[PDB]
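Below is one structure; the comments refer to it alone.
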Amino acid sequence: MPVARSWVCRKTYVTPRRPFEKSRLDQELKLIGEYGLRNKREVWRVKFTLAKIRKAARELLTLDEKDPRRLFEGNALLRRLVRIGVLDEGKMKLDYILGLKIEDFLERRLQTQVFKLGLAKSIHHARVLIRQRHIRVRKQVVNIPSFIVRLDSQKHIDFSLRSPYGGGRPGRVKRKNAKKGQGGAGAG
Amino acid sequence: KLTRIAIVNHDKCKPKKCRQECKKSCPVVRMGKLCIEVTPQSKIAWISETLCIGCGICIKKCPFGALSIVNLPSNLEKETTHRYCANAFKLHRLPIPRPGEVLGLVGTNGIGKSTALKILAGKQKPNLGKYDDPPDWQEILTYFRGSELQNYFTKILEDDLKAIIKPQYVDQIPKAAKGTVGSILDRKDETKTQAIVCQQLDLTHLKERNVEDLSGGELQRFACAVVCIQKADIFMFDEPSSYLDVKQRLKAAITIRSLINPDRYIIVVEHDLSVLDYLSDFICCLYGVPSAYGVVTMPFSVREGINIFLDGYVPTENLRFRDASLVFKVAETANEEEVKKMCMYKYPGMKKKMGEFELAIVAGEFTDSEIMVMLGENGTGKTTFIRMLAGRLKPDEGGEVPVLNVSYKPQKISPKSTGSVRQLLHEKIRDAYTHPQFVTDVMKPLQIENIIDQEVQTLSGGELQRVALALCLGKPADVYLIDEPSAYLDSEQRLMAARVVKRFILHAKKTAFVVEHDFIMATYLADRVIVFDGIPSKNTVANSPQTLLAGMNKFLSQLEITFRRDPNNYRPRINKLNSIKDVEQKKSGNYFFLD
Amino acid sequence: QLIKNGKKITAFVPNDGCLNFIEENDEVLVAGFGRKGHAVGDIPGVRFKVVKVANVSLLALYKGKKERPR
Amino acid sequence: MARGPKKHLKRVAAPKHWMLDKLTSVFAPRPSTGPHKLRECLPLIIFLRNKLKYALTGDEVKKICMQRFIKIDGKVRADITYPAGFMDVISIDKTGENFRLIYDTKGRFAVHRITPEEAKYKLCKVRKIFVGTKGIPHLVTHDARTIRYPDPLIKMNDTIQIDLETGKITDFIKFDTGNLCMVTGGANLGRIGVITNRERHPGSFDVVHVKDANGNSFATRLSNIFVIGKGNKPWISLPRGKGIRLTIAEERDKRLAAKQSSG
RNA sequence: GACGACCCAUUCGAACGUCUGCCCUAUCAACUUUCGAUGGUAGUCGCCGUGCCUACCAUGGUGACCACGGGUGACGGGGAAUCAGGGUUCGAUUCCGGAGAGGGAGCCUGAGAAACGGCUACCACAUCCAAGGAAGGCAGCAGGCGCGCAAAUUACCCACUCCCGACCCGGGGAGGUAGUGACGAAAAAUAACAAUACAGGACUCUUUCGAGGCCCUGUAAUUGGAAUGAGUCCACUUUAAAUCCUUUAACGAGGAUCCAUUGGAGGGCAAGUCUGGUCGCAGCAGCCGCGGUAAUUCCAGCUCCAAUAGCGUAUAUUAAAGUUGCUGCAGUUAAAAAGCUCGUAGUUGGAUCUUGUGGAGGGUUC
RNA sequence: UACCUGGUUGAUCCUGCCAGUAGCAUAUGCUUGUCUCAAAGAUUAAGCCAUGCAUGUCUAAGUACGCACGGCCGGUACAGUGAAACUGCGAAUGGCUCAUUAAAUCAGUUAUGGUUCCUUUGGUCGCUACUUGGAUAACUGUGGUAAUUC
Ligand code: SF4
Ligand code: SF4
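Chains L, k, Z and G are the protein sequences, given in the same order. Taking the authors' numbering, the leading residue of the first sequence gets 1, the next gets one more, and so forth. Taking the authors' numbering, the leading residue of the second sequence gets 4, the next gets one more, and so forth. Taking the authors' numbering, the leading residue of the third sequence gets 73, the next gets one more, and so forth. Taking the authors' numbering, the leading residue of the fourth sequence gets 1, the next gets one more, and so forth.
Below, the structure written as structure tokens:
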């Protein structure tokens with residue numbers, strides 16, 4: 001039967017062709033350990049978005065200089081890399097897109113920024129503060145550690161207003177310990 | 004899961020041309036067991052109902068389509084609504100009720116009938132087979148989601164609709180409830196309904212008599228009358244047809260079929276001969292093994308559903324293999340002894356009264372070779388005409404006292420014993436002559452746990468009639484006295500209750516007087532017959548005994564009812580109140596045929 | 073012997089002692105041996121293996137998770 | 001099977017210029033049979049619900065029309081799927097406003113409000129000329145209007161002006177070089193320019209060359225050219241952007257520079 | 001104003017015709033033809049052109065540039081999977097076109113049907129009967145039997161999207177809502193941090209020994225306080241009425257539970273030349289190979305490896321395959337040049353027939 | 001990401017295939033906490049089907065003597081709400097499946113100067129008469145058949 005639904009979706013990563021290559025295994029584990037990730041799929045996502053960026057820049061570099069399509073799509077791809085802080089304003093040409101690395105994108109995650117901005121004591125503590133509703137971006141409580149921070153959004157990371165750090169009510173442990181402590185005198 | 008068997012039931016089967024390839028392709032035959040038997044010039048093959056497994060390999064390889072699978076019933080563990088106790092009976096499926104039409108249930112006795120009605124009425128609740136922490140109206144009303152029962156059960160919980168049910172056993176009514184003469188009916192849920200039922204159920208008795216005065220044929224009509232005057236949205240009629248006369252079964256069906264119209268639900272169940280196909284609009288059938296489990300079919304139309312039970316025995320669901328049209332004395336045989344030795348008990352007439360009611364008997368013959376059937380309507384007092392014998396009332400002011408010994412079985416029983424029925428067998432000798440009087444009756448089918456040594460206070464009332472018959476047959480007599488012997492018996496064991504008495508008495512050289520409503524019992528037992536006439540509860544006479552062709556034609560003529568019988572299945576059927584068959588029969592004076 | 077064609081097959085039974093579960097005149101589910109119709113290893117002329125017995129898996133019987141219903 | 005005419009329209013099969021969403025539904029309004037082709041009209045329900053937003057559902061459109069508020073070419077229409085099209089006027093006398101249907105330069109109908117003295121006439125393209133019984137001459141327009149006794153100078157492809165209270169001809173523009181036109185089909189849909197050459201073929205299609213206000217040049221089949229003014233000046237008021245069709249790089253630069261859309 | 005009708009023009013179409021485009025097969029080479037095959041003249045029939053059909057006449061029409069015949073687990077297209085460049089395989093399936101309502105045939109009504117939720121008959125099934133008769137078509141939505149390796153509830157509503165009628169009002173298993181659902185896709189928990197003892201390594205004082213030392217690991221007898229949703233459950237919000245999600249009061253964590261699995265550890269290919277049992281047996285092993293009394297490979301304990309809310313196996317198919325080769329293979333000896341020569345179609349085919357000065361944009365002439 | 005590795009020998013260099021490696025879509029095994037999407041009796045049998053539903057419809061404006069309900073009293077055609085029945089329109093669209101079908105269907109491209117067309121929209125609508133005829137349905141009344149939307 002006809003229906004008002006839609007069926008558009010896609011995959012966001014690819015698996016490596018050699019399963020047990022020693023040189024590949026420890027390189028991926030060093031990226032997991034330095035950035036505080038959960039699994040290999042979380043690294044293979046970032047390699048796939050970089051590969052699609054380089055595949056587009058390598059096409060536009062074939063066309064003549066000042067071709068109408070090379071002018072329009074090239075200016076759009078370069079603006080969009082600067083907006084997330086991955087590329088320097090002082091560089092700004094397609095030739096420098098081919099010089100980017102995976103560690104340029106892993107540094108722009110909210111989990112990395114919560115640790116580097118000094119709201120947390122480790123890259124492993126930062127993920128737990130985000131996922132437990134303690135942190136805020138501009139006006140909004142955010143709950144997703146892989147959120148990518150825009151260059152004007154950068155100076156507006158903070159604690160939540162309804163949180164035991166940030167100026168809110170105490171948690172359920174401190175409330176129970178105080179209650180039963182006063183009850184130690186009797187009638188509580 | 005289901006058991007499966009191959010069947011060779013095809014016409015013009017051809018061992019002469021098929022090269023016997025069904026025999027050669029069977030794996031059970033390849034492993035060296037005789038599952039298929041056939042050879043050239045034999046007429047039709049034989050196939051084992053127990054060595055066979057449900058694989059279906061031979062069916063692909065017969066040159067003609069002569070062979071196919073049927074399923075057989077098994078203990079499937081699917082769809083269990085309720086279980087009776089730990090390790091006991093399984094109900095399986097439940098039917099769906101529909102408004103503004105009549106649903107009829109059918110099947111053998113004990114198969115799960117009354118427990119479905121109790122669940123639908125909300126007097127029981129389903130438990131899904133869980134014995135420990137059983138469900139309560141939360142998992143129930145979630146187990147039913149996606150079905151019509153979901154939107155139904157929520158209304159009986161919220162009081163948006165309410166239910167009422169006629170008792171299975173009506174002899175409890177005079178003990179379970181009380182009032183004066185008349186008043187027990189007067190104070191029910193509406194007034195106007197009581198005045199209109201007076202045209203179609205007989206209300207002459209209850210304005211003169213107490214409820215504990217009543218006969219079983221008054222109590223059935225009183226149970227039907229008192230349910231029709233109450234307010235409900237759903238009504239259930241468990242056996243509206245026991246202790247009830249051939250004319251009165253039609254009158255009872257008519258006053259049930261008037262309830263239907265104003266968006267109300269109705270469910271009915273019977274073991275009948277000729278009236279369920281006047282009362283119902285749809286049929287459901289129950290199948291299984293009665294001490295252990297039952298299962299409910301999808302619904303059928305009336306004529307179709309009756310044929311699936313009584314002429315043929317397999318439903319559209321590709322299953323049952325059982326009933327084989329057991330609806331008549333199908334063999335039509337006679338081959339027994341003719342003897343000129345005889346003894347005589349001939350007696351004079353009398354006049355008598357049980358109340359404000361005139362009764363009389365004419366003088367006549369009685370003799371040692373014969374069984375006498377008694378014919379006449381309910382309220383003709385004829386249970387008291389049996390009770391004269393063995394001397395309990397008016398022994399010698401007309402009639403005569405018995406020369407030695409007489410044995411008696413009553414139509415009303417209310418038991419008073421303790422511990423087991425087993426000790427009551429001391430009243431008879433069992434080992435000296437084991438069949439038919441015990442092994443083909445008390446122990447049939449399957450030698451079941453339900454009867455062997457139970458208390459009569461937990462025994463079923465339909466099995467209590469069987470053991471009460473089996474006990475009273477045990478003592479010596481010249482005469483045996485019987486009334487209502489078919490009460491609460493299904494069609495299989497009605498013929499066994501007729502066989503167990505006639506096959507015994509005709510070889511013992513002994514007598515009986517017997518009383519029945521049911522046509523099949525009367526036409527098989529009799530060799531001479533007695534007929535009553537007059538006005539019920541006012542003035543009635545018992546006639547001199549007659550030959551069967553003289554007796555029953557006068558009885559059917561007095562009822563203004565006449566019969567048809569079918570050549571393909573022997574089922575006896577009623578003709579409607581006016582018809583070409585009715586006028587062609589009553590101008591001829593013949594009321595039954597091919598006898 | 074296969075149900076849909078009535079033709080005959082021989083099949084291997086994996087693992088130590090699994091032949092004790094199989095009995096006779098009952099249903100098995102059978103699968104390929106891993107080489108697209110050719111034989112495998114030291115076994116001469118066997119192209120198939122058993123995977124299910126009477127609607128229970130040989131792995132669930134062998135690891136003690138289930139038993140044959142009787 | 002197909003045993004007669006169809007009476008439904010699937011939403012992915014509907015004309016692209018209506019801009020219907022993907023996920024509310026399976027069906028779209030089938031335009032009522034009438035003066036304009038199914039591919040070339042705007043159903044009245046899409047104008048009231050989706051463009052002007054006076055109603056949130058099709059039932060709120062039905063109970064606007066049944067109160068007799070809506071006029072098309074000066075006639076009251078109660079049908080919610082009536083096929084309005086190019087050069088028609090819609091009047092809503094209760095709110096006090098008037099509209100004309102004209103193409104936006106991206107090839108879709110703009111909303112275009114007009115003064116009540118300009119709501120008194122419309123422009124019509126000539127489709128046919130013929131002579132009936134007793135020698136009486138007849139004219140046919142692009143919107144199915146039939147006129148008796150036209151001026152004998154009015155020929156094929158010309159534009160005529162009519163007053164809506166009486167339906168009679170007032171004035172006309174000849175098809176010839178140097179006159180202003182709008183493009184009503186193909187890829188050049190919604191552009192405006194002056195006619196600069198006509199190239200003709202005996203059998204098959206003639207081709208017209210048109211010149212822009214900014215000096216761009218474009219061409220189309222003669223069936224797509226509608227004349228709107230003698231020489232350089234139009235006989236109707238024109239919407240924002242005036243048919244100039246700027247490219248995606250010019251459109252980016254004005255959107256950044258002007259800071260419009262609440263920047 | 002409403003309704004109605006003959007004729008033009010519109011709109012929605014329908015029907016017939018033009019040009020170019022197709023999977024395998026020669027163990028299919030000749031085919032069609034008053035039993036209309038190709039064409040001409042007059043007519044009949046039809047909504048209209050026409051061998052559409054009839055009478056008379058002529059002797060034509062197609063094929064190696066593959067006709068005619070046979071096969072197809074063949075409905076066509078938009079499209080889908082895989083892919084350096086070139087390709088190979090798939091498309092019953094929500095949009096568009098066609099065909100059909102058990103199998104064949106005939107026909108009424110109407111603007112429109114050779115209609116099947118219309119009718120008549122034969123052929124195959126099959127229901128009721130008082131044996132005279134009467135009634136039938138789920139490849140609509142739910143539901144059942146049979147088949148098989150293989151596929152969900154006989155639930156609620158016209159509120160939304162649209163359609164039909166005489167209509168602002170009635171109707172809709174079209175369509176919407178909830179149930180089942182590890183086909184498949186996106187996001188993302190299962191522990192964070194201090195103190196203490198032992199441990200690594202910088203650096204300083206000192207010939208060396210030893211001490212001070214500051215930043216990171218574990219893990220045990222076991223310490224300490226703080227944070228939180230998974231669950232339970234009141235209220236608002238949600239919607240036709242509800243559920244779910246989001247919002248918010250009250251309970252909710254010390255680890256021995258609020259306990260992560262599926263396959264492996266000789267090589268290809270990440271990870272034990274541990275300890276007990278069996279003895280060419282039981283078994284393992286895609287492939288090469290392990291087991292015959294001191295097994296790195298079987299059966300088990302411990303330890304370790306890989307991916308992770310997922311992982312293994314059977315079978316079709318794309319890449320790897322420059323192992324079908326157009327780009328781009330090979331034929332002395334590994335598989336393979338007709339014994340030799342002529343020759344029609346097909347593919348391929350030698351040389352030749354009007355230029356430099358001047359100006360613009362740009363160079364130092366084109 | 002334009003890629004290879006194990007296996008013919010006492011050892012070497014080749015030919016050549018078998019086996020491994022990654023994706024995709026059907027079945028199947030073991031395992032499972034939260035949350036947003038959503039395919040699903042095509043493959044075999046276009047095999048056979050119990051029961052319920054899936055197509056109807058009235059305005060100020062074709063025909064109102066239904067005591068069916070009703071008013072301030074009366075028919076001045078005749079009030080007013082209005083079951084049933086007659087008349088008009090729709091039921092040829094939608095939904096389901098993939099059996100047949102190889103110059104056929106289908107796609108792009110063109111043509112009716114070789115045809116038909118309910119409805120919508122615009123033209124056109126002047127070569128006993130102050131109003132004719134008879135006859136059916138709803139309704140009332142009497143029936144036939146085991147049985148039907150007889
Ligand atoms: S079943 Fe078939 S094959 Fe077997 S004997 Fe009968 S006809 Fe022959
Ligand atoms: S079904 Fe199988 S087992 Fe039964 S008779 Fe046929 S071949 Fe034998």
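The beta carbon of each residue, even a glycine, is placed where N, CA and C say it ideally should be.
Less than 8 angstroms between the beta carbons of k:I485 and k:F516, yes or no?
Contact: yes.
Can you list, in chain order, the residues of its chain whose CB lies under 8 angstroms from that of k:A473, leaving out five sequence neighbours each side?
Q440, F441, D444 and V445
Which bits of chain L does G:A249 rub up against, with CB to CB less than 8 angstroms?
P68, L71 and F72
Tell me whether k:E335 sits in a helix, a strand or coil according to DSSP, three-state version.
coil
Would you call the CB atoms of k:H520 and k:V249 closer than 8 angstroms?
yes
Going by CA-CA distance only, name the one from k:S51, k:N154, k:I62 and k:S150 that's closest to k:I39.
k:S51
Work out the CA separation of Z:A126 and Z:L133 for me, nearest whole Å.
11 angstroms
If you reduce the DSSP assignment to three classes, tell me which class k:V504 lands in.
helix
Could you tell me whether any Cβ in chain L is nearer than 8 angstroms to the Cβ of G:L20?
no
In this structure, how does DSSP classify k:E563 when only helix, strand and coil are distinguished?
coil
How would you call k:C287, buried or exposed, if buried means at least 16 neighbouring beta carbons within 10 angstroms?
buried
Quick one, which of k:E587, k:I416, k:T370 and k:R390 has its alpha-carbon nearest k:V459's?
k:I416
Cβ-based neighbour list, k:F147, same chain, cut-off 6 angstroms, excluding 5 preceding and 5 following:
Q153
Could you give the residue range of the alpha helix (DSSP H) that holds k:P177?
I176 to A179
Simplified DSSP state of G:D171, which is helix, strand or coil:
strand
Would you say L:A56 lies against chain G (beta-carbon separation less than 8 angstroms)?
no
Can at least three beta-carbon pairs, one atom from the stretch 335–346 of chain k and one from the stretch 313–325 of chain k, be found at a separation below 8 angstroms?
Counting C-beta pairs closer than 8 angstroms gives fewer than three between the stretch 335–346 of chain k and the stretch 313–325 of chain k, which falls short of the contact rule.
Restricting to Cα atoms, I'd like to know which of k:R531, k:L492 and k:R101 is closest to k:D236.
Comparing Cα-Cα distances from k:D236 to each of k:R531, k:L492 and k:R101, the minimum goes to k:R101.
What does L:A4 reach in chain G if we use C-beta pairs closer than 9 angstroms?
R11, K22, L23, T24, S25 and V26
Is it buried or exposed, G:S223, if we count other Cβ atoms within 10 angstroms and call 16 or more buried?
exposed
Cβ-based burial, G:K122 [other Cβ within 10 Å; buried from 16]:
That one is buried.
So, under 8 angstroms CB-CB, G:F226 and G:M182 are touching, yes? Tell me the CB distance rounded to an integer number of Å.
5 angstroms
Whole-angstrom distance between k:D241 and k:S463, CA atom to CA atom:
15 angstroms
What does Z:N97 reach in chain k if we use C-beta pairs closer than 8 angstroms?
Per Cβ cutoff of 8 angstroms: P30, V31, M34 and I56.
Would you say L:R150 and L:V141 are within 8 angstroms of each other, going by their C-beta atoms?
no
Any contact between the stretch 101–111 of chain G and the stretch 60–78 of chain G? By contact I mean 3 or more CB pairs, one from each, below 8 angstroms.
As far as the Cβ criterion goes, the stretch 101–111 of chain G does not touch the stretch 60–78 of chain G, which means the pair count is below three.
Locate the beta strand (DSSP E) running through G:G263, then write down its first and last residues.
No beta strand (DSSP E) holds G:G263; DSSP gives it neither H nor E.
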